[PDB]
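Engineer: work.tsv (TSV, C-alpha atoms) pasted underneath:
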chain	number	residue	atom	x	y	z
A	1	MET	CA	-214.54	-41.61	-84.03
A	2	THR	CA	-218.34	-41.42	-84.59
A	3	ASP	CA	-218.23	-38.74	-81.90
A	4	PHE	CA	-216.78	-35.24	-82.40
A	5	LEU	CA	-216.70	-31.83	-80.69
A	6	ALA	CA	-219.51	-29.83	-82.35
A	7	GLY	CA	-219.96	-26.06	-82.02
A	8	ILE	CA	-223.08	-23.82	-81.99
A	9	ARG	CA	-223.46	-20.01	-81.88
A	10	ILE	CA	-226.64	-18.33	-80.56
A	11	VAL	CA	-227.25	-14.57	-80.99
A	12	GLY	CA	-230.44	-13.20	-79.43
A	13	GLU	CA	-231.74	-10.00	-77.82
A	14	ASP	CA	-230.27	-9.24	-74.36
A	15	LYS	CA	-233.34	-9.38	-72.10
A	16	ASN	CA	-233.67	-9.82	-68.36
A	17	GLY	CA	-234.18	-13.58	-68.67
A	18	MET	CA	-233.11	-14.63	-72.20
A	19	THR	CA	-229.44	-15.16	-71.25
A	20	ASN	CA	-230.62	-17.33	-68.32
A	21	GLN	CA	-233.22	-19.39	-70.23
A	22	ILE	CA	-230.94	-19.95	-73.25
A	23	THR	CA	-228.03	-21.55	-71.37
A	24	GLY	CA	-230.61	-23.27	-69.15
A	25	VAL	CA	-232.09	-25.02	-72.21
A	26	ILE	CA	-228.52	-25.92	-73.20
A	27	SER	CA	-227.64	-27.33	-69.74
A	28	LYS	CA	-230.66	-29.69	-69.93
A	29	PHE	CA	-229.57	-31.23	-73.27
A	30	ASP	CA	-228.69	-34.92	-73.71
A	31	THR	CA	-224.96	-34.21	-74.17
A	32	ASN	CA	-222.18	-32.96	-71.84
A	33	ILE	CA	-221.01	-29.31	-72.03
A	34	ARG	CA	-217.20	-29.21	-72.47
A	35	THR	CA	-217.20	-25.48	-73.37
A	36	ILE	CA	-219.70	-22.61	-73.52
A	37	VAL	CA	-219.25	-18.83	-73.79
A	38	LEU	CA	-222.27	-16.50	-73.52
A	39	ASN	CA	-221.62	-12.74	-73.52
A	40	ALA	CA	-224.28	-10.00	-73.67
A	41	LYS	CA	-222.71	-6.86	-75.16
A	42	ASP	CA	-224.25	-3.52	-76.25
A	43	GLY	CA	-227.76	-5.06	-76.24
A	44	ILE	CA	-227.31	-8.52	-77.82
A	45	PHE	CA	-225.82	-11.81	-76.55
A	46	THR	CA	-223.76	-14.53	-78.27
A	47	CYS	CA	-223.87	-17.98	-76.60
A	48	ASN	CA	-221.20	-20.26	-78.11
A	49	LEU	CA	-221.99	-23.90	-77.23
A	50	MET	CA	-219.42	-26.73	-77.48
A	51	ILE	CA	-220.57	-30.34	-76.99
A	52	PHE	CA	-219.83	-33.90	-78.23
A	53	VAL	CA	-222.24	-35.47	-80.76
A	54	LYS	CA	-222.56	-38.92	-82.40
A	55	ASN	CA	-223.35	-37.37	-85.81
A	56	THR	CA	-224.06	-34.14	-87.75
A	57	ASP	CA	-227.83	-34.78	-87.64
A	58	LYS	CA	-227.58	-34.62	-83.85
A	59	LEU	CA	-225.98	-31.16	-84.19
A	60	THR	CA	-228.66	-29.89	-86.62
A	61	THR	CA	-231.31	-31.19	-84.18
A	62	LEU	CA	-229.98	-29.02	-81.32
A	63	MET	CA	-230.32	-25.97	-83.61
A	64	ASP	CA	-234.08	-26.51	-83.95
A	65	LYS	CA	-234.36	-26.99	-80.17
A	66	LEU	CA	-232.68	-23.58	-79.64
A	67	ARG	CA	-234.69	-21.89	-82.45
A	68	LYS	CA	-237.79	-22.48	-80.26
A	69	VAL	CA	-236.92	-19.28	-78.36
A	70	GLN	CA	-238.61	-16.24	-79.98
A	71	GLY	CA	-235.96	-13.91	-78.51
A	72	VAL	CA	-233.22	-15.59	-80.61
A	73	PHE	CA	-232.78	-14.58	-84.27
A	74	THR	CA	-229.53	-16.46	-85.12
A	75	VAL	CA	-228.81	-20.13	-84.41
A	76	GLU	CA	-225.75	-21.19	-86.43
A	77	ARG	CA	-223.03	-23.88	-86.56
A	78	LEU	CA	-219.34	-23.32	-85.71
A	79	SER	CA	-217.21	-25.11	-88.35
A	80	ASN	CA	-213.95	-23.35	-87.39
A	81	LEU	CA	-213.51	-23.83	-83.62
A	82	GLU	CA	-211.78	-21.84	-80.86
A	83	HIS	CA	-210.31	-24.98	-79.23
A	84	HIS	CA	-206.51	-24.89	-78.89
A	85	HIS	CA	-203.63	-24.18	-76.44
A	86	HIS	CA	-204.62	-21.09	-74.37
A	87	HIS	CA	-208.40	-20.43	-74.49
A	88	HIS	CA	-209.99	-17.10	-73.49
F	1	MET	CA	-229.47	1.20	-54.16
F	2	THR	CA	-226.19	-0.56	-55.04
F	3	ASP	CA	-225.57	-3.05	-57.90
F	4	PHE	CA	-222.25	-4.28	-59.34
F	5	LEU	CA	-220.99	-6.84	-61.87
F	6	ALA	CA	-219.93	-9.81	-59.71
F	7	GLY	CA	-217.63	-12.51	-61.12
F	8	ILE	CA	-217.33	-16.12	-59.86
F	9	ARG	CA	-214.80	-18.89	-60.70
F	10	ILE	CA	-215.84	-22.56	-60.33
F	11	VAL	CA	-213.33	-25.44	-60.75
F	12	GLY	CA	-214.65	-29.00	-60.49
F	13	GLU	CA	-213.87	-32.49	-61.81
F	14	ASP	CA	-215.00	-33.13	-65.42
F	15	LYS	CA	-217.71	-35.70	-64.68
F	16	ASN	CA	-220.57	-37.24	-66.58
F	17	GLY	CA	-223.07	-34.46	-65.84
F	18	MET	CA	-221.18	-31.91	-63.68
F	19	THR	CA	-220.66	-29.33	-66.46
F	20	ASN	CA	-224.41	-29.52	-67.19
F	21	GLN	CA	-225.63	-29.32	-63.58
F	22	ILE	CA	-223.21	-26.50	-62.63
F	23	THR	CA	-224.44	-23.94	-65.19
F	24	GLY	CA	-227.96	-25.34	-64.75
F	25	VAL	CA	-227.76	-24.26	-61.08
F	26	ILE	CA	-226.46	-20.83	-62.17
F	27	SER	CA	-229.59	-20.20	-64.30
F	28	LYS	CA	-231.65	-20.75	-61.10
F	29	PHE	CA	-230.22	-17.56	-59.47
F	30	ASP	CA	-232.15	-14.29	-58.89
F	31	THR	CA	-229.73	-12.51	-61.28
F	32	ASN	CA	-229.34	-12.20	-65.07
F	33	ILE	CA	-226.34	-13.87	-66.75
F	34	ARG	CA	-224.22	-11.14	-68.39
F	35	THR	CA	-221.39	-13.54	-69.30
F	36	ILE	CA	-220.73	-17.26	-68.67
F	37	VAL	CA	-217.52	-19.10	-69.68
F	38	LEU	CA	-217.20	-22.85	-69.02
F	39	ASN	CA	-214.27	-24.90	-70.40
F	40	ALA	CA	-212.60	-28.22	-69.52
F	41	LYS	CA	-208.80	-28.53	-69.51
F	42	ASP	CA	-207.28	-31.74	-68.17
F	43	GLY	CA	-209.97	-33.87	-66.50
F	44	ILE	CA	-211.10	-30.63	-64.78
F	45	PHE	CA	-213.43	-27.80	-65.84
F	46	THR	CA	-213.53	-24.10	-64.90
F	47	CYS	CA	-216.79	-22.14	-65.24
F	48	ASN	CA	-216.66	-18.32	-64.85
F	49	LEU	CA	-219.97	-16.62	-63.95
F	50	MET	CA	-220.51	-12.90	-64.64
F	51	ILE	CA	-223.73	-11.42	-63.18
F	52	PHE	CA	-225.07	-8.33	-61.33
F	53	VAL	CA	-225.81	-8.08	-57.57
F	54	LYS	CA	-227.08	-5.29	-55.29
F	55	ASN	CA	-225.06	-6.31	-52.24
F	56	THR	CA	-221.79	-8.24	-51.62
F	57	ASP	CA	-223.81	-10.49	-49.28
F	58	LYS	CA	-226.01	-11.46	-52.24
F	59	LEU	CA	-222.76	-12.48	-54.00
F	60	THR	CA	-221.28	-14.53	-51.10
F	61	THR	CA	-224.65	-16.34	-50.98
F	62	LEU	CA	-224.20	-17.50	-54.61
F	63	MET	CA	-220.91	-19.16	-53.63
F	64	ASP	CA	-222.63	-21.21	-50.89
F	65	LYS	CA	-225.23	-22.26	-53.50
F	66	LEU	CA	-222.48	-23.45	-55.90
F	67	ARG	CA	-220.40	-25.01	-53.08
F	68	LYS	CA	-223.25	-27.52	-52.52
F	69	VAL	CA	-221.86	-29.58	-55.42
F	70	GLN	CA	-219.57	-32.47	-54.39
F	71	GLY	CA	-217.83	-32.41	-57.79
F	72	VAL	CA	-216.55	-28.84	-57.21
F	73	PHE	CA	-213.50	-28.11	-55.04
F	74	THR	CA	-212.91	-24.38	-55.79
F	75	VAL	CA	-215.53	-21.60	-55.66
F	76	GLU	CA	-213.95	-18.11	-55.81
F	77	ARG	CA	-214.74	-14.45	-56.57
F	78	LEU	CA	-213.26	-12.77	-59.69
F	79	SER	CA	-212.15	-9.28	-58.58
F	80	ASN	CA	-209.88	-8.19	-61.46
F	81	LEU	CA	-212.26	-8.03	-64.46
F	82	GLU	CA	-211.62	-7.34	-68.17
F	83	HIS	CA	-215.10	-5.79	-68.38
F	84	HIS	CA	-214.59	-2.22	-69.62
F	85	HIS	CA	-218.21	-1.09	-69.03
F	86	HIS	CA	-218.43	2.68	-69.76
F	87	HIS	CA	-220.19	5.30	-71.94
F	88	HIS	CA	-218.62	7.30	-74.79
In structure tokens, what does this structure look like?

Structural biologist:
Amino acid sequence: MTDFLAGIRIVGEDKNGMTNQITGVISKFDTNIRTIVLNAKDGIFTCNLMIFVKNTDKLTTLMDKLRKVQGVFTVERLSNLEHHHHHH
Amino acid sequence: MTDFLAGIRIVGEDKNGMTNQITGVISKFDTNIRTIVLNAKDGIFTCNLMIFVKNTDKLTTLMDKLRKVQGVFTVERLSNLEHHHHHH
């Protein structure tokens, strides 16, 4: 009701540590991770975070928390989700 | 000096914190996350870890580290991978 499944997408440079620190920061959030897909390809990584929030302001707040990492250049919201029968 | 892309499959009960702690433990490893995919289905969640390891012993050790979690009941190795990693 007040809660909904919110989505985030993080694209940053694939360094020996960034992929670890990024999802680490995510795992220590206030909310519970129901889905997350990070893949480092070619030289960049895209970490798609899926968590439940009480409001949109909560979602925009997480963005700023992720933008604290200098290695990341894109922190964006996922309006259209990948959540349906058969996920891969 | 060997090093291969090792995959791991973790299935545990979707609890208030498990999904967070599980990937949080993963970030603590001596290896860089190349791909991580966590998703909950029906009261359960499956997290797939994709990382690099020098030796198969280094990989079996990661299992034992993940198997320390009471909320998890399956910790397996992903042999058949969709990771077409080549040069053109």

Engineer: Restrict the distance test to only C-alpha atoms, flag each residue of chain F within 8 Å of chain A, and return the flagged residues as a PDB file with C-alpha atoms, in the coordinates of the input.

Structural biologist:
ATOM      1  CA  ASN F  16    -220.570 -37.240 -66.580  1.00  0.00           C
ATOM      2  CA  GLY F  17    -223.070 -34.460 -65.840  1.00  0.00           C
ATOM      3  CA  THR F  19    -220.660 -29.330 -66.460  1.00  0.00           C
ATOM      4  CA  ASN F  20    -224.410 -29.520 -67.190  1.00  0.00           C
ATOM      5  CA  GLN F  21    -225.630 -29.320 -63.580  1.00  0.00           C
ATOM      6  CA  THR F  23    -224.440 -23.940 -65.190  1.00  0.00           C
ATOM      7  CA  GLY F  24    -227.960 -25.340 -64.750  1.00  0.00           C
ATOM      8  CA  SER F  27    -229.590 -20.200 -64.300  1.00  0.00           C
ATOM      9  CA  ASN F  32    -229.340 -12.200 -65.070  1.00  0.00           C
ATOM     10  CA  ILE F  33    -226.340 -13.870 -66.750  1.00  0.00           C
ATOM     11  CA  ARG F  34    -224.220 -11.140 -68.390  1.00  0.00           C
ATOM     12  CA  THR F  35    -221.390 -13.540 -69.300  1.00  0.00           C
ATOM     13  CA  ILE F  36    -220.730 -17.260 -68.670  1.00  0.00           C
ATOM     14  CA  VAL F  37    -217.520 -19.100 -69.680  1.00  0.00           C
ATOM     15  CA  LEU F  38    -217.200 -22.850 -69.020  1.00  0.00           C
ATOM     16  CA  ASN F  39    -214.270 -24.900 -70.400  1.00  0.00           C
ATOM     17  CA  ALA F  40    -212.600 -28.220 -69.520  1.00  0.00           C
ATOM     18  CA  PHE F  45    -213.430 -27.800 -65.840  1.00  0.00           C
TER      19      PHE F  45
END

Engineer: Where's the centre, and what are the edge lengths in Å to one decimal, of a box along x, y and z enclosing all listed atoms of range 78-85 of chain F padded 5 Å per side, as lines of an AutoDock Vina configuration file?

Structural biologist:
center_x = -214.0
center_y = -6.9
center_z = -64.1
size_x = 18.3
size_y = 21.7
size_z = 21.0

Engineer: For the full set of C-alpha atoms taken in order, report to one decimal the RMSD after fitting chain A onto chain F.

Structural biologist: 3.3 Å

Engineer: Using only C-alpha atoms, collect all residues at a distance of at most 12 Å from (-219.0, -11.6, -51.6) as written in the file, then present them as a VMD selection string.

Structural biologist: chain F and resid 4 to 8 52 to 64 75 to 79

Engineer: Rounded to one decimal, what separation in Å do you get between CA of residue 1 in chain A and CA of residue 80 in chain A?

Structural biologist: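 Computed distance, CA of residue 1 in chain A to CA of residue 80 in chain A, equals 18.6 Å.
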
Engineer: Provide the CA of residue 67 in chain F to CA of residue 44 in chain F distance in Å, to one decimal place.

Structural biologist: 16.0 Å

Engineer: Rounded to one decimal in Å, what is the spacing between CA of residue 74 in chain F and CA of residue 51 in chain F?

Structural biologist: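 Result for CA of residue 74 in chain F versus CA of residue 51 in chain F: 18.4 Å, one decimal.
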